[PDB]
Each structure stands twice: as C-alpha cells, then as structure tokens.
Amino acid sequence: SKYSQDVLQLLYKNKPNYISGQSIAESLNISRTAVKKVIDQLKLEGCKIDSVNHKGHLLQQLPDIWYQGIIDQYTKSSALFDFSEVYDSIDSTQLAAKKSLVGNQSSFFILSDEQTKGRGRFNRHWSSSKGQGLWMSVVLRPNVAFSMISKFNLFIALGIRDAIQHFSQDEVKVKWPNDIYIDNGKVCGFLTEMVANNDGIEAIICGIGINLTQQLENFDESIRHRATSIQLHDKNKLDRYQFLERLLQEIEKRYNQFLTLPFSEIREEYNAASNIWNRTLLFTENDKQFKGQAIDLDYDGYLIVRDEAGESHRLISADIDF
C-alpha cells in the first residue's frame, strides 16, 4: 500500500527494539488493522518480522529487494549523498542518473533490482537479473579538471574491491581499469563517466554492477567459467543491505582519498590488488588486437605494456581479456 515503505522505515529505524502496531498506527495516522495488513504484506514479500503480542514487531531480515523506505535511512545519515532513487526495474541506472543529474548539483545514487538495458563499456550488454546483483549508479560532484576522471576510476576500484573482499573468503582482485574478480570469475564491472567542460567536471557518474547471489546455474551458459558472485565465496547468507552499507562506506573513503591524495599514494596498494601481472593479456583497440604484458602502472595511473612485438605502450585505458 501507500504506507509499506513508511512502516518498513519505522521498523528499521527502531531496531533492535520492538514497536507495537499501535505505535506505528499513531506515527502514520492510520488504523491498527491497516498496519496489520501492511505487516502481513511485508512478510509475504519475504521480510522477516518477529511479531509478539503486547510487545510488537521487530524487523529481523530484509529480502533481496530494494526498498526506498530503507534506502532513505542510508541517505539521511550520509555525508556524501543527498538522496537516492530505488526502482524495481528500469532500463538502466546509468541512464537514469545521467538524466537525473541534469540541472542540479545533487549527489545521489540510483539502485534498481533489475535493468532491462544494462550496459557496460562500449555499449556491451550487462546482465542485470532481478534479485541477484547490486545495480547502482553513483553521481558525485568533485570540483576538479576533466582529466581527473581516470584518477577517480582508480580510487573507486579499490573502494569496490575492499567492500567485496569484506565478504568473500577468497581473494578479490582488480582487473584494470574496470573489473573486479574473484579467481577467474568477474564479480563486478564498473564504469566511470563524466559530464564536463574545459572548466571542469559537472558530474561523475559511476555505474557499478556486482553479482551478489547468483548460483552458477544462474549464469548464461557460455560465460559460466569466467563469472561469479559474492555468494559463491561467502559461507554466510550474503545480505544485500549489509553489503550496500559497506560499499557506500568504501566509496566515501575512496572518494575522499580521491579528492586529497595523488595516485602515487595508492599505487602500490592498487598494484598489490591487481590481477593483470605475469600473464598474457589480450588487448583490443578499435580494429587491432594484440597480446602484451603489463609491466607497470606509472604514478599517473597509466598502464605500461610490453606488446608481443617488444614495443612499449603507455595506456590511460584498455580492454583487456585474459
């Protein structure tokens, strides 16, 4: 109903104490019995709410669905983000963000349970199944030159990697400049875009797609060997809200470092997290393809590559296949 989010919000707000129907009913100025129907609905949708006579209701566990109601709490208490928008299904959180940023200087992020037109780099199709990944776009407002985009993109990587690590028992590595892996499985893709002019950046839009709970069964047949989910490397149930919380916190930490540190500060760190070394990398550039080794990430985030013909290259970006 009209009030599901409101009741959910109250339950989350009130943890770890119980609140009575009566009490919710008065907050919302709605009948006790309406509160009871909304509570039954939340249980039907898979909310885990303990209900005890006299005492009331306690939100125990959210299902794999995003609720504006709850996400609003993450934005109320946040220093970076003005608001968020949450959707059950949309063409793409990236398209939404690029539209929603126009005409304002808000910082915000967009989450959706599913995307019908999810896209990564080069307009490639990104699978965004309902129930199974965090499909998010983050719009921030750094006061910097447009060439700093590549820098943003390196700091944010380590933020994303750190959040995924906190949940996986296995080793999580960045594949420069835009992908995160656990062993041979891509568990995340991200994409930093900007709106900018010569005088600086109007907005950064970072689209982040992370596979949360797919079982292997769930992956398209061709990609099965090179794909994975945080679930498949975590002993406990992975809780999306718990993860989002961690992800937002890391983004903020890395975004602050992005504003205050030169790349050289995190370069070693980035280096150690990266999985592109000591191995033959396939590179694509327009028509061309060639093989190569990654020699180094210079102090400006450029990849130093020694190609199969012995020539050296200095790349701000690339698409690498393993």
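The first residue of the sequence shown is number 1, and the count goes up from there.
#### Entry: Mean Cα B-factor comparison, 209-217 or 131-139, giving the higher one as deposited
The deposited B-factors put 209-217 ahead on the C-alpha mean.
### Query
285-293 versus 55-63: which one carries the higher mean Cα B factor per the record?
Looking at the record's C-alpha B-factors, the answer is 285-293.
### Query
Which is it among 84, 192, 184, 197: the one with the largest CA B-factor in the entry?
184 has the highest C-alpha B-factor of those listed.
#### Entry: Residue with highest C-alpha B-factor in the PDB entry, from 147, 93, 178, 222
Each of 147, 93, 178, 222 was compared by C-alpha B-factor; the highest is 222.
### Message
When the deposited Cα B-factors of this chain's modelled residues are ordered and cut into thirds, is residue 170 in the lowest, the middle or the highest one?
### Response
Top third by C-alpha B-factor.
#### Entry: Where the record places residue 74 (Cα B-factor, split into thirds across the chain)
Highest third - that is where residue 74 ends up once the chain's C-alpha B-factors are sorted.
### Query
Hey, what third does residue 188 fall into on Cα B-factor, ranked over its chain?
For residue 188, the deposited C-alpha B-factor lands in the lowest third.
### Message
For the chain shown, is the CA B-factor of residue 237 in the lowest, middle or highest third of its modelled residues?
### Response
It belongs to the highest third of the chain when residues are ordered by C-alpha B-factor.
### Third of the chain's Cα B-factor distribution that residue 229 belongs to, per the entry
Ranked within chain, residue 229 CA B lands in the middle tercile.
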